[PDB]
>>> print(open('final-v3.txt').read())   # compact mmCIF, C-alpha atoms
# COMPACT_ATOMS: atom_id res chain seq x y z
CA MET A 1 2.62 10.40 -5.55
CA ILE A 2 -0.02 10.07 -2.89
CA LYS A 3 -1.05 13.47 -1.46
CA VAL A 4 -1.66 13.28 2.32
CA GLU A 5 -2.79 16.27 4.35
CA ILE A 6 -2.76 16.73 8.14
CA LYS A 7 -5.45 19.39 8.80
CA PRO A 8 -5.14 21.87 11.73
CA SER A 9 -7.76 19.77 13.62
CA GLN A 10 -5.62 16.62 13.27
CA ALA A 11 -2.45 17.96 14.94
CA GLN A 12 -2.65 15.61 17.95
CA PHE A 13 -2.37 11.89 18.55
CA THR A 14 -4.22 9.58 20.92
CA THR A 15 -2.67 6.54 22.64
CA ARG A 16 -4.03 3.02 23.11
CA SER A 17 -2.42 0.51 25.44
CA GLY A 18 -2.40 -3.10 26.58
CA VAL A 19 -0.38 -6.23 27.25
CA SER A 20 1.06 -8.71 24.72
CA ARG A 21 0.48 -12.48 24.76
CA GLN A 22 3.47 -13.16 26.96
CA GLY A 23 3.31 -10.21 29.42
CA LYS A 24 5.01 -7.20 27.70
CA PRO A 25 3.28 -3.73 27.85
CA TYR A 26 2.76 -1.78 24.62
CA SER A 27 1.54 1.67 23.62
CA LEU A 28 0.36 2.70 20.19
CA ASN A 29 0.00 6.36 19.09
CA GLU A 30 -2.65 7.04 16.45
CA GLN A 31 -3.23 10.17 14.31
CA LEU A 32 -5.84 11.01 11.63
CA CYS A 33 -5.21 12.44 8.15
CA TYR A 34 -6.85 13.04 4.76
CA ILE A 35 -5.69 11.21 1.65
CA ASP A 36 -6.70 12.06 -1.85
CA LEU A 37 -7.74 8.84 -3.53
CA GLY A 38 -9.16 10.57 -6.60
CA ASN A 39 -12.81 10.68 -5.44
CA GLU A 40 -14.75 14.00 -5.15
CA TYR A 41 -13.24 14.71 -1.72
CA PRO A 42 -10.20 13.29 0.23
CA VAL A 43 -10.97 10.43 2.66
CA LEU A 44 -10.21 10.09 6.39
CA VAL A 45 -7.42 7.57 7.20
CA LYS A 46 -5.92 6.43 10.58
CA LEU A 47 -2.11 6.51 10.99
CA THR A 48 -0.21 4.50 13.64
CA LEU A 49 3.02 6.30 14.48
CA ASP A 50 6.42 4.60 15.05
CA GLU A 51 7.99 4.44 18.52
CA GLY A 52 9.40 7.74 19.79
CA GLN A 53 7.99 9.78 16.87
CA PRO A 54 5.93 13.00 17.50
CA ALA A 55 2.66 13.72 15.74
CA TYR A 56 3.10 15.06 12.24
CA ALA A 57 2.55 18.86 12.10
CA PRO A 58 -0.31 20.30 9.86
CA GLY A 59 0.67 20.44 6.21
CA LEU A 60 1.17 18.49 3.03
CA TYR A 61 3.01 15.18 2.90
CA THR A 62 3.72 12.25 0.59
CA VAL A 63 4.37 8.54 1.45
CA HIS A 64 7.88 7.20 2.21
CA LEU A 65 9.08 3.96 0.54
CA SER A 66 9.52 2.32 3.98
CA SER A 67 5.70 2.14 4.24
CA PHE A 68 5.72 -0.99 2.06
CA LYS A 69 6.77 -4.64 2.50
CA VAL A 70 6.25 -7.93 0.66
CA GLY A 71 3.52 -9.85 2.55
CA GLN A 72 3.28 -13.59 3.32
CA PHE A 73 1.46 -14.35 0.03
CA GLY A 74 4.17 -12.58 -2.11
CA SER A 75 2.10 -9.45 -2.94
CA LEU A 76 2.95 -5.89 -1.82
CA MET A 77 1.34 -4.69 1.37
CA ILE A 78 1.38 -1.57 3.46
CA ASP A 79 3.22 -2.18 6.74
CA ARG A 80 2.61 1.25 8.33
CA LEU A 81 2.06 4.47 6.37
CA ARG A 82 5.16 6.56 7.00
CA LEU A 83 5.19 10.17 5.77
CA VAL A 84 7.69 12.78 4.53
CA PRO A 85 7.12 16.55 3.81
CA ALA A 86 5.99 17.37 0.29
CA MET B 1 7.11 7.24 -6.55
CA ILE B 2 7.50 3.51 -6.42
CA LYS B 3 9.68 2.19 -9.28
CA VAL B 4 8.36 -1.13 -10.65
CA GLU B 5 10.09 -3.03 -13.43
CA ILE B 6 8.74 -5.87 -15.58
CA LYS B 7 11.88 -7.72 -16.80
CA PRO B 8 11.97 -9.48 -20.23
CA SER B 9 11.58 -12.83 -18.38
CA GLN B 10 8.37 -11.63 -16.69
CA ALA B 11 6.40 -10.79 -19.86
CA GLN B 12 3.79 -13.55 -19.37
CA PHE B 13 1.04 -14.30 -16.89
CA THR B 14 -0.19 -17.58 -15.43
CA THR B 15 -3.83 -18.33 -14.55
CA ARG B 16 -5.32 -19.99 -11.47
CA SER B 17 -8.93 -21.11 -11.31
CA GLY B 18 -11.67 -22.44 -9.06
CA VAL B 19 -15.23 -22.10 -7.81
CA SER B 20 -16.64 -19.56 -5.33
CA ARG B 21 -18.62 -20.43 -2.18
CA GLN B 22 -21.95 -20.37 -3.97
CA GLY B 23 -21.06 -21.99 -7.33
CA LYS B 24 -19.57 -19.22 -9.57
CA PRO B 25 -16.34 -19.97 -11.59
CA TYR B 26 -13.42 -17.55 -11.36
CA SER B 27 -10.04 -17.10 -13.04
CA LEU B 28 -7.17 -15.04 -11.72
CA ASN B 29 -4.18 -13.95 -13.88
CA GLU B 30 -0.89 -13.47 -12.03
CA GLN B 31 2.34 -11.78 -13.21
CA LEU B 32 5.73 -11.22 -11.49
CA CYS B 33 7.68 -7.95 -11.23
CA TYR B 34 10.57 -6.28 -9.40
CA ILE B 35 10.00 -3.38 -7.02
CA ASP B 36 12.68 -1.20 -5.60
CA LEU B 37 12.08 -0.95 -1.88
CA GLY B 38 15.40 0.76 -1.17
CA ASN B 39 17.38 -2.39 -0.24
CA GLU B 40 20.59 -3.40 -2.12
CA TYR B 41 18.58 -5.03 -4.93
CA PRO B 42 14.87 -4.82 -6.04
CA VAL B 43 12.56 -7.55 -4.64
CA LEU B 44 10.26 -10.00 -6.45
CA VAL B 45 6.52 -9.21 -6.07
CA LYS B 46 3.38 -11.04 -7.42
CA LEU B 47 0.75 -8.98 -9.30
CA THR B 48 -2.88 -10.11 -9.79
CA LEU B 49 -4.24 -8.52 -12.96
CA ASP B 50 -7.78 -7.06 -13.36
CA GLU B 51 -10.39 -8.79 -15.54
CA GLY B 52 -9.80 -8.48 -19.28
CA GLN B 53 -6.37 -6.84 -18.89
CA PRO B 54 -3.29 -8.19 -20.80
CA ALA B 55 0.07 -8.78 -19.14
CA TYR B 56 2.10 -5.63 -18.71
CA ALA B 57 4.89 -5.37 -21.35
CA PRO B 58 8.61 -5.23 -20.20
CA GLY B 59 9.62 -1.79 -19.01
CA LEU B 60 9.43 0.74 -16.21
CA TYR B 61 6.22 1.56 -14.38
CA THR B 62 4.92 3.41 -11.33
CA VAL B 63 1.82 2.68 -9.14
CA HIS B 64 -1.65 4.10 -9.96
CA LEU B 65 -3.75 5.72 -7.18
CA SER B 66 -6.52 3.13 -7.72
CA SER B 67 -4.23 0.54 -6.07
CA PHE B 68 -5.26 1.83 -2.63
CA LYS B 69 -8.40 1.68 -0.47
CA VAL B 70 -9.31 2.37 3.16
CA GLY B 71 -9.52 -1.05 4.92
CA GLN B 72 -12.02 -2.26 7.55
CA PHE B 73 -9.89 -0.94 10.46
CA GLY B 74 -9.66 2.62 8.95
CA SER B 75 -6.00 2.37 7.79
CA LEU B 76 -4.82 2.49 4.15
CA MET B 77 -4.38 -0.82 2.41
CA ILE B 78 -3.36 -2.02 -1.00
CA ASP B 79 -6.35 -3.49 -2.85
CA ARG B 80 -4.49 -4.67 -5.99
CA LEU B 81 -1.29 -3.07 -7.32
CA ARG B 82 -2.30 -1.37 -10.56
CA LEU B 83 0.45 0.06 -12.79
CA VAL B 84 0.95 2.90 -15.28
CA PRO B 85 3.97 3.59 -17.62
CA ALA B 86 6.73 5.71 -16.12
>>> encode(input="final-v3.txt", output="C-alpha cells")
Amino acid sequence: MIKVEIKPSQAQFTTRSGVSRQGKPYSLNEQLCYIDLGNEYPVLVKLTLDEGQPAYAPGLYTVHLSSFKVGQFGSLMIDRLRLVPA
Amino acid sequence: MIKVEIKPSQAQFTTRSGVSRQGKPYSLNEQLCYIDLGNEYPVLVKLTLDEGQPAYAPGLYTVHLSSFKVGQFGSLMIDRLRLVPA
C-alpha cells in the first residue's frame, strides 16, 4: 500500500479554468499531498480532484483501485490518483 | 493492494530490439499478466521487465513501491510496473 498524507497546510484546493476545443467551459480542482516513495523523506505530489468532490481533509490515506486504467499501449497507467482513508 | 496474477500461459517473455537515437543497441523483454481492476473479470496488461531480470513465475503478486515516480507535470505516474510475491 501507498501511504499518502494530506498535511494541515494542504487542506485546501485551487481551481484552474478554461475552454475546450469545441467551446465547452471546464474547471479543475487541484490539491497537494505527500507520498512516501521510500526515499529519505516523502515527496510532494499534485492531485486533480473529481467533479463535485471536496478537498480531502488532513490525515492518512491509501490509493483506491479506480486510480488505474490500461493505457493505449497496453501497460498500466494512473488515470487520476483517487484516495480512501487509511 | 493491487492483485496481479501471472497465469501458467504467461510464464515466458518476448524480446523487442532496436537502436537508440545516437547509435546504442537496446533490448526490451515484455511479459503479459492479469490485473484485477474491480470489473467483472481481470484485464490483460503488458509488463516490461528490468535489465537482467527473468520472467516472473506463475502465481500471485502485488506491486512494489518502486513502480511509481513523480512525472514532469508534478502528478504521480507509473514508471514500470515492478512486482513482488503476495
>>> closest_residue(input="final-v3.txt", among="A:54, A:59, A:18, A:71", to="chain B", atoms="all atoms listed in the file")
A:71
>>> interface_residues(input="final-v3.txt", of="chain A", to="chain B", cutoff="8 Å", atoms="all atoms listed in the file", output="JSON, numbers by chain")
{"A": [1, 2, 37, 38, 44, 45, 46, 47, 65, 66, 68, 69, 70, 74, 75, 76, 77, 78, 81]}
>>> closest_residue(input="final-v3.txt", among="B:20, B:53, B:10, B:15", to="residue 34 (chain B)", atoms="only C-alpha atoms")
B:10
>>> closest_residue(input="final-v3.txt", among="A:19, A:7, A:14, A:58", to="residue 42 (chain A)", atoms="all atoms listed in the file")
A:7
>>> atom_distance(input="final-v3.txt", atom1="CA of residue 72 (chain B)", atom2="CA of residue 55 (chain A)")
23.2 Å
>>> atom_distance(input="final-v3.txt", atom1="CA of residue 29 (chain B)", atom2="CA of residue 83 (chain B)")
14.8 Å
>>> axis_aligned_box(input="final-v3.txt", around="region 21-37 of chain B", padding_each_side="3 Å", output="AutoDock Vina command-line options")
--center_x -4.6 --center_y -11.5 --center_z -7.9 --size_x 40.6 --size_y 27.0 --size_z 18.0
>>> atom_distance(input="final-v3.txt", atom1="CA of residue 52 (chain A)", atom2="CA of residue 84 (chain A)")
16.2 Å
>>> residues_around(input="final-v3.txt", residues="residue 61 (chain B)", least_positions_apart="5", cutoff="6 Å", atoms="all atoms listed in the file", output="list in words")
residues 4, 84, 85 and 86 of chain B
>>> closest_residue(input="final-v3.txt", among="B:56, B:40, B:27, B:50", to="residue 5 (chain B)", atoms="only C-alpha atoms")
B:56
